[PDB]
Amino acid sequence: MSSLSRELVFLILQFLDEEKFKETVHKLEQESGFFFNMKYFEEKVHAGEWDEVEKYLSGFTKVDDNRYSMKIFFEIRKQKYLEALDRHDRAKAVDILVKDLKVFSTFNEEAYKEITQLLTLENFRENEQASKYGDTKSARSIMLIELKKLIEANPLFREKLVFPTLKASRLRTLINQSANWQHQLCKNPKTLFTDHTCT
């Protein structure tokens, strides 16, 4: 992709936001990977929308890309696990443990064991290391603080956290400039689909 084409994506991101095509905005952010929307990410973490959180992240990094990315996915999936335990859904917890968390076992065998053993407690706060889990809301906020620091320090997000400053409706402005150009060819002085003409 050209630098031109990349900039055009940013102009479109701005346009879509101004037109309040909100889901389209975040899909384009994700598929192009040119811009990671922190506020959007924070929103989804607070709402516990873990599926969308990972889907969004997937446009920017894989779990094993580097150590920051690994800890990011580990923290998210671990919170997902603990929340399952908290609602007494041990069936879901084990599912999460095997499908989402097992990839981390290689990197730290004994931590995975420690986390596995939480399954068998009446309340996993009986483990002193997990006695710090307060409620869902507070534990998400605490974790989010850590997630932000990991993302901001993650080299794969290096130039993707600040939106280019531009004047409002920059795309619309360029379009109007093209219309003026189309007219600056016409003697004797419609649509965007085909050029404007005069006799």
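Just count from 1 along the sequence shown to find any residue number.
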query	finding
Chain break class for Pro189 to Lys190, judged by how many deposited residues have no coordinates	4 to 9
Entry-level comparison of average CA B-factors, 147-155 and 133-141, reporting the higher stretch	133-141
178-186 versus 7-15 - which carries the larger mean C-alpha B factor in the record	178-186
Chain thirds of CA B-factor: placement of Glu75	lowest
Chain-wide C-alpha B factor ranking for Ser69, given as lowest, middle or highest third	lowest
Assigned third (lowest, middle, highest) for the C-alpha B factor of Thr165	highest
